[PDB]
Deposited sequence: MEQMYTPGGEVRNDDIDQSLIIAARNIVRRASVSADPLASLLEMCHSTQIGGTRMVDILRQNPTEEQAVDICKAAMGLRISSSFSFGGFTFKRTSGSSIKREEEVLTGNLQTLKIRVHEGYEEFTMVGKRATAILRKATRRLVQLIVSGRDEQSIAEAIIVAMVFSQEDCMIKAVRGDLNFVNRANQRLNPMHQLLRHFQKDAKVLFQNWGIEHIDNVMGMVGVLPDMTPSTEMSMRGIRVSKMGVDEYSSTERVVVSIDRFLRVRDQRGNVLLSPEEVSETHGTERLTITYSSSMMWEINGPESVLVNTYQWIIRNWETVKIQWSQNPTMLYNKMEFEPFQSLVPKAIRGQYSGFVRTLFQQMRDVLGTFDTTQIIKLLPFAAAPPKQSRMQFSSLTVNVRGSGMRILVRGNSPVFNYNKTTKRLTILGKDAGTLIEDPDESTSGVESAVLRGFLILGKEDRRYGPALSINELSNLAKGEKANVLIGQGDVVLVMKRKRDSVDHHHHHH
């Protein structure tokens, strides 16, 4: 039952990481935790009774209104205050790149332990001043990680002055990181200016403790100011917290104890099966599994989908289940697809007797994104699966979308998305109301209305005239305007 904690952590990290790029991360996070199982058992039942303290596991607990440890995480280190106190106060600072940052400065004298995977440390600090850091670690990278984190955490001015270049770090949701994570990211990328301008001191002789120079060389004579490396150098109060929309967890006094930027990037492999049900975890098996599941999901929920489509489309379009598919749509074009498809849907609602089940299913995931309006008459819509742009044809079949009108079996890149059931609202006349934006196809080629136009000269017609248009290769049909 150590194997549960191990697998609960793997599952919580995945879920938080997925949640934070979603539209509503707190909503997505709870949805996925109620969705998931760890070896037969509901995740949310393991979270209510398992005492494991880890960054992602605690974000989840916070989301379920549970109580978690008051320690906080910064740069992957768990800080536990061992003595002292501090007050918050807001300050503006000028970096070494003459950028202006508004920082939440802490004033007071404080002692902390910092605990990490590959190094731990004891830290003493005061207002904008590091007083002492004793760090022990597996190798020079680990020690250095700890030292960088303590240096940014001290908030000292020479750290601020050590910035080069501008700080514009964002997360995957393109949201700016708060300034302390701005500075920490900048120095995690390269720390030599920071180490060289920090300052050097002669050191006293103490058993089991050595100095460290700006190039991570050990020294029995000198050391970076206030820093020592030790050899043997090396948690139970739980409090009520608040979790806001973007999963930043706070304590009563408004300190951010945990956020998604504090989740470890390590990706281990479970020793118990983890089973995600959420649509959010479809992408686990590649964009192909996204597409199949999207269309599969629509078939299985057809009865609720068909009536929300018919009377409350706003809530249909905004559903959580359509976010994964939306990733696969080029961000440049997705809004104009959405605006194209929503109009075609509205034509099918307004012009009655022309309900097409296969067509609604095909285009429905494209209406998720915000409707930007265009006038291009898309003949196909594109989704990128592993870097290549596959196309769904607005009219007819396709490797991506292949429906079989007799067997009624829908196929998605090969795999069987299901089978459609007989629906009386299905139109029997050949009128297609959801292929051409602003136009209605009325069946086969009829020569008495003229010879075949092409699609770019449909604009030269106005207020519902009746023309034949070359829709494909050889395929000619009769199309009227609204």
Stretches with no C-alpha atoms in the model, relative to the deposited sequence starting at 1 | 1-12, 247-250, 499-510
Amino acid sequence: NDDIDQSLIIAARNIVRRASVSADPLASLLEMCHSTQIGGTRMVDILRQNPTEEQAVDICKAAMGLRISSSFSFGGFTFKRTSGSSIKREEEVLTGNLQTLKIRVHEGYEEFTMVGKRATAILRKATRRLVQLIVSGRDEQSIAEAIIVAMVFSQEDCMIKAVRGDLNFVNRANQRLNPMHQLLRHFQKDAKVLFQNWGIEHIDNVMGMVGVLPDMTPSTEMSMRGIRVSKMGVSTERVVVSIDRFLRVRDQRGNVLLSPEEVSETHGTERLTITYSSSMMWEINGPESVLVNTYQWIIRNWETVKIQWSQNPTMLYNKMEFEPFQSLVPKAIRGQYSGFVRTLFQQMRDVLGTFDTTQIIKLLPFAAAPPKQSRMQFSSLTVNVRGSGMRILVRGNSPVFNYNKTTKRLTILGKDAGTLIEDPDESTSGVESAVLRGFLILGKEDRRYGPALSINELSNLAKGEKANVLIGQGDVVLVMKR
From here on, numbers count along this sequence of modelled residues.
Taking the recorded C-alpha temperature factors, which stretch has the higher mean, 120-128 or 84-92?
-> 84-92
Look up the CA B-factors in the entry and say which stretch, 374-382 or 140-148, has the higher mean.
-> 374-382
Candidate set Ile38, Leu30, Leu442, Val57 [ranked by C-alpha B-factor, highest] = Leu442
Pick out which of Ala368, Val170, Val193, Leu352 has the highest C-alpha B-factor in the PDB entry.
-> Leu352
Sorting the chain's CA B-factors, does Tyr337 end up in the lowest, middle or highest third?
-> highest
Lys466 CA temperature factor, ranked by third within the chain | highest
So, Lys61's CA B-factor, relative to its chain, sits in which third? The lowest
Entry-reported Cα temperature factor of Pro218, expressed as the chain third it lands in = lowest
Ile10 - Cα temperature factor, lowest/middle/highest third of chain | lowest
